[PDB]
Amino acid sequence: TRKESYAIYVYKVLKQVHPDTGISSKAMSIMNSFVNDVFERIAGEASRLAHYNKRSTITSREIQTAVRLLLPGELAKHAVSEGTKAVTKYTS
Amino acid sequence: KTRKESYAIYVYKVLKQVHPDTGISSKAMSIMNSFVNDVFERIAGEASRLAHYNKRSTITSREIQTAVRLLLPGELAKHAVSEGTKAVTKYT
Amino acid sequence: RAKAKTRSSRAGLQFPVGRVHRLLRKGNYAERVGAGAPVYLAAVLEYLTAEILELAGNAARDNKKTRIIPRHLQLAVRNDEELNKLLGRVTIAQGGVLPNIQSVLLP
Amino acid sequence: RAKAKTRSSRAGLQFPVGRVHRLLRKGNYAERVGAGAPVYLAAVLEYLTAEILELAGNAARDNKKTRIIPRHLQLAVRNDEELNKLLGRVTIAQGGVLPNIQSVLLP
Amino acid sequence: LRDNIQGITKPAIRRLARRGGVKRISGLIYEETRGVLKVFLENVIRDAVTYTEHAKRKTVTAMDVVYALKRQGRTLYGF
Amino acid sequence: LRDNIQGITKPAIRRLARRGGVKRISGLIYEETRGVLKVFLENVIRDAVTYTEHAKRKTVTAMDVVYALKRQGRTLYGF
Amino acid sequence: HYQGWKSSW
Amino acid sequence: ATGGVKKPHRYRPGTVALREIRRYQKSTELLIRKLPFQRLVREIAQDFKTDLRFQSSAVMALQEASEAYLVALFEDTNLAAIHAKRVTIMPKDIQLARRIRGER
Amino acid sequence: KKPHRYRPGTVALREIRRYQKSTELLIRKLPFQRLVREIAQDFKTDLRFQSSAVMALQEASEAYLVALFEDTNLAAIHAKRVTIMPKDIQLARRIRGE
DNA sequence: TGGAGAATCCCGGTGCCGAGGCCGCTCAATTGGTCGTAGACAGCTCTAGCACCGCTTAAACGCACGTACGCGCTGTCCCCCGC
DNA sequence: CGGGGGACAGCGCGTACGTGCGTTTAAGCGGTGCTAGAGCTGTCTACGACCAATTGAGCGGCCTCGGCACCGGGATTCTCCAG
């Protein structure tokens with residue numbers, strides 16, 4: 001059997017942003033549920049945004065609008081900058 | 001010009017069935033249409049997350065019954081699913 | 001083929017089963033959609049519509065009004081306890097609030 | 001077939017893209033799921049996780065720990081008003097609240 | 001356009017309170033009422049602006065307005 | 001089993017209010033706290049029962065509780 | 001003329 | 001005339017206020033004028049996408065939603081004033097209601 | 001015997017400073033589980049609850065009670081008072097819409 | 001204004017229980033083709049949004065006197081706190 | 001069970017909107033003129049789905065460990081002092 005989790009990816013994020021700290025298993029489950037909840041919210045917002053204007057696809061603008069709707073303010077615009085940087089890195 | 005989906009005639013025949021001498025204005029009828037659309041969206045989302053929880057690709061009448069028991073509180077749901085029950089008893 | 005008969009008349013319903021099925025399929029809620037799910041959804045929507053419109057007509061009967069206006073719908077929604085609990089986060093346009101005065105305000 | 005390089009590493013992201021794409025297809029949220037959309041979602045999730053983990057590590061440095069505990073995560077979320085606004089209706093298990101003391105309650 | 005925050009008049013706030021069941025109105029309630037109205041209005045307006053730049057639209061539609069209201073859990077019926 | 005609303009302990013309610021920053025607690029707080037805890041618990045338990053009865057299951061899992069909390073907009077992490 | 005106050009007209 | 005040199009009917013503070021409450025919670029009309037509301041809407045979009053148009057239906061929907069939110073907040077404020085053994089509402093009551101509701 | 005007894009109100013702040021930063025739970029597991037069984041007995045019977053579900057329910061109930069007690073204390077200090085009352089809880093429930 | 005009570009903090013040392021790192025494998029991840037198809041895209045209407053003005057009159061600004069609730073200060077003793 | 005203390009009622013000040021009136025003024029009705037992009041549809045074209053093949057890092061599991069929690073000791077510190 002297999003269990004899908006974001007635990008190791010969050011571990012890489014932690015060691016790439018804080019190389020001198022760790023994280024417990026209960027905090028790992030909290031991180032997994034947090035990532036799943038944010039993914040659920042953004043995916044639902046993007047699906048609704050596609051459904052409203054008769055769009056059957058989800059593009060970068062769908063996640064752009066979902067991030068600028070759900071995430072607030074300064075956090076939202078830094079997430080926007082990170083997403084545009086990732087898009088430019090893919091297109092390069 | 002282009003055709004638009006609406007719940008006009010159905011809500012009107014339901015109103016005539018329950019109140020033969022009572023009409024409805026345009027604004028209140030738009031409120032009722034938006035209420036029907038919002039309840040449809042809520043029940044569809046609840047049934048969708050119920051089907052995604054159980055790894056189920058099929059939404060049957062049981063998903064709708066579960067969504068009506070979840071979202072609608074009190075006995076108001078119960079008669080509703082009872083209506084759905086006799087609906088199935090009239091369909092089969 | 002044969003004579004065309006809608007599924008609403010077979011199930012004793014007024015709300016359209018086929019339109020609900022179309023909105024369920026095109027609404028990307030699930031990959032596969034059962035036959036009884038649009039019938040159950042149409043029955044639930046028809047029952048809720050009939051109950052809300054009957055409550056609005058009852059609230060408008062003593063107001064000498066034979067037509068449903070948004071104030072009557074707001075009164076019917078907020079007067080019922082279960083409708084208030086279900087529509088807790090629902091704003092009704094052109095409806096206002098209930099005309100209730102607290103006991104301490106009255107002299 | 002020749003060399004299998006992860007598309008997350010092509011965009012410089014630690015969070016996966018194929019897992020996000022598979023979960024978006026599995027939930028049937030849309031008929032088509034784009035290419036840059038899971039990359040954008042993974043980048044946003046990576047930034048959110050990095051910010052929350054950095055705040056939790058700062059709190060753990062404040063209370064002299066090197067392992068992030070649920071209390072550290074709760075303090076990191078509830079410290080700034082940005083995550084308080086974002087996670088307004090969200091509760092975190094195994095955590096308390098800020099130790100704020102009212103001025104009136106102080107002797 | 002540069003300064004019309006005083007457009008929400010004080011007797012309009014008084015009528016707002018009279019709908020809300022308030023019996024007596026203080027003089028300091030108007031500034032805070034206008035401030036929280038400005039905050040809520042700018043939040044819903046920025047949501048509607050995000051909705052209207054989602055679909056390359058220069059105008060704001062009432063359908064987008066009630067969708068933005070449904071996003072924050074304050075959905076409006078009749079548009 | 002038939003009378004278990006007294007299982008919620010009054011100093012446990014005191015500890016819960018101390019976590020909330022309450023300095024002074026009245027004697028009538030405990031009964032109202034038990035009542036609101038009972039109605040919230042029975043709402044969430046009814047939602048979890050419906051969730052686990054849709055799946056033809058007789059035991060309630062933690063994911064059922066998480067989805068029931070997400071239905072009411074009170075999502076809890078860790079499970 | 002209503003000088004000062006409306007009165008009983 | 002008016003029982004000699006006298007004055008208007010001169011209702012005590014509060015009575016015509018409950019008269020306004022009774023007459024004004026049932027007429028379900030709009031409490032804020034449309035052009036100042038539209039001007040305020042256009043003002044707070046200047047730190048936003050500047051060349052933006054607003055539909056009349058969207059303006060009416062925003063006006064109705066803000067009006068309903070404000071009268072709900074005023075109901076909360078009045079209940080908080082009665083909570084504090086008071087009749088008048090204070091801005092601290094608005095702050096308390098917004099913090100309890102989660103908007104402050 | 002007791003030279004000092006600690007004026008009232010300061011031991012309350014001591015438990016506040018101890019428990020706002022604390023991590024361990026306050027509601028005991030066994031009576032909460034028994035109350036869960038009593039509540040579920042009114043619903044469909046022969047039902048079980050695993051340890052993770054009971055733990056999640058306890059954490060959610062304690063978090064909701066903590067938020068309600070914070071709102072109750074805010075309403076108490078709002079009314080020029082210090083003691084919390086059941087009417088304060090009812091006001092918080094009416095304001096929150098629950 | 002120098003002692004107690006209770007209470008938190010610090011420190012050294014130790015048990016140990018998850019925490020963190022390493023090996024096979026697979027199934028989910030990646031690569032390489034077509035191809036209908038949905039999405040950009042550009043030329044048309046023309047719908048409804050934006051702008052200016054006469055008038056008016058009812059909503060609104062400011063002023064005049066008043067009282068009733070907001071607020072400051074006390075007492076009881078009953079309710080709450082510390083043990 | 002002994003002590004504290006403050007909720008509520010009472011008394012007294014006070015003052016500021018409450019209500020109304022004199023005066024202002026712009027919301028709204030109605031009209032006309034201009035026009036920016038909603039919207040509509042034909043056309044082009046990359047793109048995600050689908051499928052076959054391949055390979056590769058997460059999953060499961062296992063081994064070792066090291067900081068979390070706790071048990072002995074010792075002090076800084078809040079609180080209430082009677083002074």
# chains A, B, ... in the order shown; residues from 1 in each chain; ligands from 1

call {"tool": "calpha_fit_and_write", "arguments": {"fixed": "chain C", "moving": "chain D", "output": "PDB file with C-alpha atoms, in the first residue's frame"}}
result
ATOM      1  CA  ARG D   1     -38.510   8.397 -30.650  1.00  0.00           C
ATOM      2  CA  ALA D   2     -41.972   6.951 -29.966  1.00  0.00           C
ATOM      3  CA  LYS D   3     -43.242   9.155 -27.120  1.00  0.00           C
ATOM      4  CA  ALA D   4     -40.997  11.602 -25.251  1.00  0.00           C
ATOM      5  CA  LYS D   5     -42.281  11.757 -21.669  1.00  0.00           C
ATOM      6  CA  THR D   6     -40.351  13.862 -19.166  1.00  0.00           C
ATOM      7  CA  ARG D   7     -38.683  11.906 -16.367  1.00  0.00           C
ATOM      8  CA  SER D   8     -39.645  14.671 -13.925  1.00  0.00           C
ATOM      9  CA  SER D   9     -43.307  13.843 -14.579  1.00  0.00           C
ATOM     10  CA  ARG D  10     -42.568  10.128 -14.091  1.00  0.00           C
ATOM     11  CA  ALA D  11     -41.471  10.852 -10.508  1.00  0.00           C
ATOM     12  CA  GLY D  12     -44.235  13.440 -10.042  1.00  0.00           C
ATOM     13  CA  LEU D  13     -41.842  16.394  -9.762  1.00  0.00           C
ATOM     14  CA  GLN D  14     -42.297  19.829 -11.318  1.00  0.00           C
ATOM     15  CA  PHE D  15     -38.581  20.625 -11.086  1.00  0.00           C
ATOM     16  CA  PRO D  16     -36.587  19.321 -14.077  1.00  0.00           C
ATOM     17  CA  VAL D  17     -34.227  16.359 -14.054  1.00  0.00           C
ATOM     18  CA  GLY D  18     -32.478  16.756 -17.411  1.00  0.00           C
ATOM     19  CA  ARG D  19     -31.448  20.329 -16.592  1.00  0.00           C
ATOM     20  CA  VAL D  20     -30.023  19.223 -13.225  1.00  0.00           C
ATOM     21  CA  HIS D  21     -28.210  16.305 -14.889  1.00  0.00           C
ATOM     22  CA  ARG D  22     -26.787  18.593 -17.593  1.00  0.00           C
ATOM     23  CA  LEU D  23     -25.598  21.111 -14.990  1.00  0.00           C
ATOM     24  CA  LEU D  24     -24.004  18.327 -12.930  1.00  0.00           C
ATOM     25  CA  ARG D  25     -22.186  17.024 -16.016  1.00  0.00           C
ATOM     26  CA  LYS D  26     -21.154  20.537 -17.097  1.00  0.00           C
ATOM     27  CA  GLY D  27     -19.557  21.374 -13.742  1.00  0.00           C
ATOM     28  CA  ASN D  28     -17.525  18.121 -13.804  1.00  0.00           C
ATOM     29  CA  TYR D  29     -18.435  17.428 -10.175  1.00  0.00           C
ATOM     30  CA  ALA D  30     -18.014  13.687 -10.786  1.00  0.00           C
ATOM     31  CA  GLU D  31     -16.952  11.307 -13.536  1.00  0.00           C
ATOM     32  CA  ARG D  32     -20.441   9.754 -13.514  1.00  0.00           C
ATOM     33  CA  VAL D  33     -23.762  11.330 -12.511  1.00  0.00           C
ATOM     34  CA  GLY D  34     -26.438   8.865 -11.452  1.00  0.00           C
ATOM     35  CA  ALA D  35     -30.101   8.570 -12.375  1.00  0.00           C
ATOM     36  CA  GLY D  36     -31.836   8.896  -9.002  1.00  0.00           C
ATOM     37  CA  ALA D  37     -29.463  11.602  -7.754  1.00  0.00           C
ATOM     38  CA  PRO D  38     -30.867  14.436  -9.967  1.00  0.00           C
ATOM     39  CA  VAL D  39     -34.393  13.232  -9.144  1.00  0.00           C
ATOM     40  CA  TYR D  40     -33.578  13.428  -5.421  1.00  0.00           C
ATOM     41  CA  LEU D  41     -32.018  16.877  -5.880  1.00  0.00           C
ATOM     42  CA  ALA D  42     -35.042  18.105  -7.858  1.00  0.00           C
ATOM     43  CA  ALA D  43     -37.420  16.776  -5.187  1.00  0.00           C
ATOM     44  CA  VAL D  44     -35.433  18.481  -2.408  1.00  0.00           C
ATOM     45  CA  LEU D  45     -35.327  21.755  -4.372  1.00  0.00           C
ATOM     46  CA  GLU D  46     -39.078  21.460  -5.004  1.00  0.00           C
ATOM     47  CA  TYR D  47     -39.790  20.938  -1.298  1.00  0.00           C
ATOM     48  CA  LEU D  48     -37.565  23.882  -0.314  1.00  0.00           C
ATOM     49  CA  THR D  49     -39.159  26.163  -2.919  1.00  0.00           C
ATOM     50  CA  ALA D  50     -42.674  25.072  -1.918  1.00  0.00           C
ATOM     51  CA  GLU D  51     -41.988  25.680   1.786  1.00  0.00           C
ATOM     52  CA  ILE D  52     -40.421  29.110   1.206  1.00  0.00           C
ATOM     53  CA  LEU D  53     -43.186  30.164  -1.208  1.00  0.00           C
ATOM     54  CA  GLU D  54     -45.861  28.947   1.232  1.00  0.00           C
ATOM     55  CA  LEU D  55     -44.304  30.973   4.060  1.00  0.00           C
ATOM     56  CA  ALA D  56     -44.032  34.000   1.749  1.00  0.00           C
ATOM     57  CA  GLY D  57     -47.687  33.621   0.764  1.00  0.00           C
ATOM     58  CA  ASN D  58     -48.652  33.410   4.435  1.00  0.00           C
ATOM     59  CA  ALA D  59     -46.691  36.608   5.135  1.00  0.00           C
ATOM     60  CA  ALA D  60     -48.333  38.289   2.130  1.00  0.00           C
ATOM     61  CA  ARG D  61     -51.724  37.257   3.521  1.00  0.00           C
ATOM     62  CA  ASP D  62     -50.684  38.796   6.851  1.00  0.00           C
ATOM     63  CA  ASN D  63     -49.778  42.109   5.184  1.00  0.00           C
ATOM     64  CA  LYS D  64     -52.683  41.946   2.664  1.00  0.00           C
ATOM     65  CA  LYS D  65     -50.844  41.354  -0.627  1.00  0.00           C
ATOM     66  CA  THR D  66     -51.253  38.703  -3.318  1.00  0.00           C
ATOM     67  CA  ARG D  67     -47.913  39.169  -5.127  1.00  0.00           C
ATOM     68  CA  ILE D  68     -44.757  37.923  -3.415  1.00  0.00           C
ATOM     69  CA  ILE D  69     -42.265  40.778  -2.978  1.00  0.00           C
ATOM     70  CA  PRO D  70     -38.620  40.487  -1.777  1.00  0.00           C
ATOM     71  CA  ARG D  71     -39.662  41.813   1.649  1.00  0.00           C
ATOM     72  CA  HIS D  72     -42.126  38.912   1.923  1.00  0.00           C
ATOM     73  CA  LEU D  73     -39.373  36.432   1.007  1.00  0.00           C
ATOM     74  CA  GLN D  74     -36.993  37.983   3.552  1.00  0.00           C
ATOM     75  CA  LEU D  75     -39.657  37.841   6.278  1.00  0.00           C
ATOM     76  CA  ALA D  76     -40.460  34.226   5.360  1.00  0.00           C
ATOM     77  CA  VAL D  77     -36.785  33.233   5.541  1.00  0.00           C
ATOM     78  CA  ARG D  78     -36.019  35.132   8.760  1.00  0.00           C
ATOM     79  CA  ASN D  79     -39.272  34.230  10.557  1.00  0.00           C
ATOM     80  CA  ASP D  80     -38.637  30.596  11.487  1.00  0.00           C
ATOM     81  CA  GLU D  81     -35.408  29.500  13.146  1.00  0.00           C
ATOM     82  CA  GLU D  82     -35.043  26.600  10.685  1.00  0.00           C
ATOM     83  CA  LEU D  83     -34.330  28.784   7.649  1.00  0.00           C
ATOM     84  CA  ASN D  84     -32.417  31.179   9.913  1.00  0.00           C
ATOM     85  CA  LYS D  85     -30.073  28.311  10.794  1.00  0.00           C
ATOM     86  CA  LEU D  86     -29.950  27.135   7.167  1.00  0.00           C
ATOM     87  CA  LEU D  87     -29.475  30.646   5.729  1.00  0.00           C
ATOM     88  CA  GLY D  88     -27.226  31.964   8.477  1.00  0.00           C
ATOM     89  CA  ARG D  89     -24.486  33.476   6.308  1.00  0.00           C
ATOM     90  CA  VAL D  90     -26.911  34.335   3.478  1.00  0.00           C
ATOM     91  CA  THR D  91     -28.381  37.792   2.853  1.00  0.00           C
ATOM     92  CA  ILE D  92     -31.377  38.634   0.662  1.00  0.00           C
ATOM     93  CA  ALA D  93     -31.446  41.802  -1.428  1.00  0.00           C
ATOM     94  CA  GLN D  94     -34.319  44.331  -1.324  1.00  0.00           C
ATOM     95  CA  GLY D  95     -35.317  43.231   2.171  1.00  0.00           C
ATOM     96  CA  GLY D  96     -34.999  44.403   5.746  1.00  0.00           C
ATOM     97  CA  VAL D  97     -35.236  42.525   9.053  1.00  0.00           C
ATOM     98  CA  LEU D  98     -37.885  41.620  11.612  1.00  0.00           C
ATOM     99  CA  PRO D  99     -39.533  44.608  13.376  1.00  0.00           C
ATOM    100  CA  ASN D 100     -38.573  43.386  16.848  1.00  0.00           C
ATOM    101  CA  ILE D 101     -38.533  45.868  19.735  1.00  0.00           C
ATOM    102  CA  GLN D 102     -36.385  45.298  22.812  1.00  0.00           C
ATOM    103  CA  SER D 103     -38.116  45.376  26.190  1.00  0.00           C
ATOM    104  CA  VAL D 104     -35.466  47.689  27.664  1.00  0.00           C
ATOM    105  CA  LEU D 105     -35.852  50.172  24.787  1.00  0.00           C
ATOM    106  CA  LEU D 106     -39.625  50.314  25.305  1.00  0.00           C
ATOM    107  CA  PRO D 107     -40.730  53.378  27.351  1.00  0.00           C
TER     108      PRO D 107
END

call {"tool": "residues_around", "arguments": {"residues": "region 23-38 of chain H", "least_positions_apart": "5", "cutoff": "9 Å", "atoms": "only C-alpha atoms (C1' of nucleotides)", "output": "PyMOL selection string"}}
result
(chain C and resi 70-71+94-100) or (chain E and resi 4-9+12-13+15-16+18-21) or (chain H and resi 18+43+54+59-60+63-64+67) or (chain K and resi 27)

call {"tool": "closest_atom_pairs", "arguments": {"of": "chain F", "to": "chain B", "cutoff": "10 Å", "atoms": "only C-alpha atoms", "output": "Markdown table"}}
result
| residue | atom | partner | partner_atom | distance |
| --- | --- | --- | --- | --- |
| F:43 | CA | B:73 | CA | 9.0 |
| F:46 | CA | B:70 | CA | 8.4 |
| F:47 | CA | B:70 | CA | 6.0 |
| F:48 | CA | B:70 | CA | 9.1 |
| F:49 | CA | B:70 | CA | 9.8 |
| F:50 | CA | B:66 | CA | 6.5 |
| F:51 | CA | B:66 | CA | 7.4 |
| F:53 | CA | B:66 | CA | 8.5 |
| F:54 | CA | B:66 | CA | 6.4 |
| F:55 | CA | B:54 | CA | 6.9 |
| F:63 | CA | B:53 | CA | 8.8 |
| F:64 | CA | B:53 | CA | 9.1 |
| F:67 | CA | B:49 | CA | 8.8 |
| F:68 | CA | B:70 | CA | 8.5 |
| F:71 | CA | B:71 | CA | 7.8 |
| F:72 | CA | B:71 | CA | 8.7 |

call {"tool": "write_last_selection", "arguments": {"atoms": "C-alpha atoms", "output": "PDB file, in the first residue's frame"}}
result
ATOM      1  CA  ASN F  43     -24.022  18.886  15.890  1.00  0.00           C
ATOM      2  CA  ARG F  46     -24.457  14.123  13.943  1.00  0.00           C
ATOM      3  CA  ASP F  47     -22.404  15.363  10.979  1.00  0.00           C
ATOM      4  CA  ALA F  48     -19.788  12.650  11.595  1.00  0.00           C
ATOM      5  CA  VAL F  49     -22.519   9.996  11.915  1.00  0.00           C
ATOM      6  CA  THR F  50     -23.962  11.080   8.560  1.00  0.00           C
ATOM      7  CA  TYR F  51     -20.451  11.055   7.046  1.00  0.00           C
ATOM      8  CA  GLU F  53     -23.163   6.249   7.371  1.00  0.00           C
ATOM      9  CA  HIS F  54     -22.747   7.412   3.781  1.00  0.00           C
ATOM     10  CA  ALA F  55     -19.657   5.172   3.550  1.00  0.00           C
ATOM     11  CA  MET F  63     -11.156  12.226   8.571  1.00  0.00           C
ATOM     12  CA  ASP F  64     -14.932  12.223   9.112  1.00  0.00           C
ATOM     13  CA  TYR F  67     -14.657  16.967   6.993  1.00  0.00           C
ATOM     14  CA  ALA F  68     -17.506  17.678   9.435  1.00  0.00           C
ATOM     15  CA  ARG F  71     -18.499  21.700   6.537  1.00  0.00           C
ATOM     16  CA  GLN F  72     -19.180  24.241   9.308  1.00  0.00           C
TER      17      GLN F  72
END

call {"tool": "select_by_dssp", "arguments": {"residues": "region 51-92 of chain H", "states": "alpha helix (DSSP H)", "output": "ChimeraX atom specification"}}
result
/H:56-83,91-92

call {"tool": "interface_residues", "arguments": {"of": "chain H", "to": "chain K", "cutoff": "12 Å", "atoms": "only C-alpha atoms (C1' of nucleotides)", "output": "PyMOL selection string"}}
result
chain H and resi 7-17+32-38+51-53+55+85+88

call {"tool": "closest_atom_pairs", "arguments": {"of": "chain F", "to": "chain J", "cutoff": "9 Å", "atoms": "only C-alpha atoms (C1' of nucleotides)", "output": "tab-separated table"}}
result
residue	atom	partner	partner_atom	distance
F:24	CA	J:80	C1'	8.0
F:25	CA	J:80	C1'	7.7
F:26	CA	J:80	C1'	7.0
F:27	CA	J:80	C1'	8.0

call {"tool": "residues_around", "arguments": {"residues": "residue 4 (chain G)", "least_positions_apart": "3", "cutoff": "9 Å", "atoms": "only C-alpha atoms (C1' of nucleotides)", "output": "list in words"}}
result
residues 7 of chain G; 21 and 22 of chain K

call {"tool": "write_last_selection", "arguments": {"atoms": "N, CA and C atoms (P, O5', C5', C4', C3', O3' and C1' of nucleotides)", "output": "CSV table (one decimal), in the first residue's frame"}}
result
chain,number,residue,atom,x,y,z
G,7,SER,N,-45.5,76.2,15.4
G,7,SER,CA,-46.7,76.4,16.1
G,7,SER,C,-47.9,75.6,15.6
K,21,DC,P,-40.7,72.5,14.3
K,21,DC,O5',-39.9,73.8,13.8
K,21,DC,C5',-39.3,74.7,14.7
K,21,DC,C4',-38.1,75.4,14.1
K,21,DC,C3',-38.3,75.9,12.7
K,21,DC,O3',-37.9,77.3,12.6
K,21,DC,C1',-36.4,74.7,12.8
K,22,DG,P,-38.5,78.2,11.4
K,22,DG,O5',-37.2,78.8,10.7
K,22,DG,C5',-36.2,79.5,11.5
K,22,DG,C4',-34.9,79.6,10.7
K,22,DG,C3',-35.0,80.0,9.2
K,22,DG,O3',-34.0,81.0,8.9
K,22,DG,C1',-33.8,77.9,9.5

call {"tool": "closest_atom_pairs", "arguments": {"of": "chain J", "to": "chain A", "cutoff": "12 Å", "atoms": "only C-alpha atoms (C1' of nucleotides)", "output": "Markdown table"}}
result
| residue | atom | partner | partner_atom | distance |
| --- | --- | --- | --- | --- |
| J:17 | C1' | A:25 | CA | 11.9 |
| J:18 | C1' | A:25 | CA | 8.1 |
| J:19 | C1' | A:24 | CA | 7.6 |
| J:20 | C1' | A:22 | CA | 9.2 |
| J:26 | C1' | A:2 | CA | 10.4 |
| J:27 | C1' | A:2 | CA | 9.5 |
| J:28 | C1' | A:2 | CA | 10.4 |
| J:37 | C1' | A:56 | CA | 11.1 |
| J:38 | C1' | A:56 | CA | 7.7 |
| J:39 | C1' | A:55 | CA | 8.9 |

call {"tool": "decode", "arguments": {"residues": "region 25-37 of chain K", "atoms": "N, CA, C and O atoms (P, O5', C5', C4', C3', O3' and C1' of nucleotides)", "output": "CSV table (one decimal), in the first residue's frame"}}
result
chain,number,residue,atom,x,y,z
K,25,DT,P,-24.7,75.5,-0.1
K,25,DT,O5',-24.4,74.0,-0.4
K,25,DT,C5',-25.1,73.0,0.4
K,25,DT,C4',-25.4,71.8,-0.4
K,25,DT,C3',-25.2,72.0,-1.9
K,25,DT,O3',-25.0,70.7,-2.5
K,25,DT,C1',-27.5,71.6,-1.6
K,26,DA,P,-23.4,70.3,-2.9
K,26,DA,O5',-23.6,68.7,-3.4
K,26,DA,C5',-24.1,67.7,-2.5
K,26,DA,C4',-25.3,67.0,-3.0
K,26,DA,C3',-25.2,66.5,-4.5
K,26,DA,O3',-25.9,65.3,-4.6
K,26,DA,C1',-27.0,67.9,-4.3
K,27,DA,P,-25.2,63.8,-4.4
K,27,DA,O5',-26.4,62.8,-4.2
K,27,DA,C5',-27.5,63.2,-3.4
K,27,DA,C4',-28.8,62.3,-3.7
K,27,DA,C3',-28.6,61.2,-4.7
K,27,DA,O3',-29.6,60.2,-4.4
K,27,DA,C1',-29.9,63.1,-5.6
K,28,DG,P,-29.8,59.0,-5.5
K,28,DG,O5',-31.0,59.5,-6.4
K,28,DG,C5',-32.2,60.0,-5.9
K,28,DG,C4',-33.0,60.6,-7.0
K,28,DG,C3',-33.0,59.9,-8.3
K,28,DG,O3',-34.4,59.8,-8.8
K,28,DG,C1',-32.6,62.2,-8.6
K,29,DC,P,-34.8,58.6,-9.8
K,29,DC,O5',-35.7,59.4,-10.8
K,29,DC,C5',-36.7,60.3,-10.4
K,29,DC,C4',-37.1,61.3,-11.4
K,29,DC,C3',-37.1,60.7,-12.8
K,29,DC,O3',-38.3,61.1,-13.5
K,29,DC,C1',-35.8,62.7,-12.8
K,30,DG,P,-38.9,60.2,-14.7
K,30,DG,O5',-38.3,61.0,-16.0
K,30,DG,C5',-38.5,62.4,-16.1
K,30,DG,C4',-37.5,63.1,-17.1
K,30,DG,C3',-37.1,62.2,-18.3
K,30,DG,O3',-37.9,62.6,-19.4
K,30,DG,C1',-35.3,63.4,-17.4
K,31,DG,P,-37.7,61.8,-20.8
K,31,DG,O5',-36.6,62.5,-21.6
K,31,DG,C5',-36.6,64.0,-21.6
K,31,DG,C4',-35.2,64.5,-22.0
K,31,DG,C3',-34.6,63.8,-23.2
K,31,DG,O3',-34.8,64.5,-24.4
K,31,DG,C1',-33.0,64.4,-21.4
K,32,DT,P,-34.5,63.8,-25.8
K,32,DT,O5',-33.0,64.2,-26.1
K,32,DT,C5',-32.5,65.5,-26.0
K,32,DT,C4',-31.0,65.5,-25.9
K,32,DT,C3',-30.3,64.8,-27.0
K,32,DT,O3',-29.6,65.7,-27.9
K,32,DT,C1',-29.3,64.3,-24.9
K,33,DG,P,-29.0,65.2,-29.3
K,33,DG,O5',-27.5,64.8,-29.0
K,33,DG,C5',-26.6,65.7,-28.4
K,33,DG,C4',-25.3,65.1,-28.0
K,33,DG,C3',-24.7,64.1,-29.0
K,33,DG,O3',-23.4,64.6,-29.4
K,33,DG,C1',-24.7,63.2,-26.7
K,34,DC,P,-22.5,63.7,-30.4
K,34,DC,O5',-21.6,62.8,-29.5
K,34,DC,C5',-20.9,63.4,-28.4
K,34,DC,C4',-19.9,62.4,-27.8
K,34,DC,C3',-19.3,61.4,-28.7
K,34,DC,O3',-17.9,61.3,-28.4
K,34,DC,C1',-20.4,60.2,-27.0
K,35,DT,P,-16.9,60.4,-29.4
K,35,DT,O5',-16.7,59.1,-28.6
K,35,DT,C5',-16.6,59.1,-27.2
K,35,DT,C4',-16.7,57.7,-26.6
K,35,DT,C3',-16.1,56.6,-27.5
K,35,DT,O3',-15.4,55.6,-26.8
K,35,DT,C1',-18.3,56.1,-26.9
K,36,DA,P,-13.8,55.7,-26.7
K,36,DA,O5',-13.5,54.8,-25.4
K,36,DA,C5',-14.4,54.6,-24.4
K,36,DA,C4',-14.2,53.4,-23.6
K,36,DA,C3',-13.2,52.4,-24.1
K,36,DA,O3',-12.7,51.6,-23.1
K,36,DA,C1',-15.4,51.6,-24.6
K,37,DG,P,-11.6,50.4,-23.4
K,37,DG,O5',-12.5,49.1,-23.4
K,37,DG,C5',-13.1,48.5,-22.2
K,37,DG,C4',-14.4,47.8,-22.5
K,37,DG,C3',-14.3,46.4,-22.9
K,37,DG,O3',-15.4,45.6,-22.4
K,37,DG,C1',-15.5,47.5,-24.6
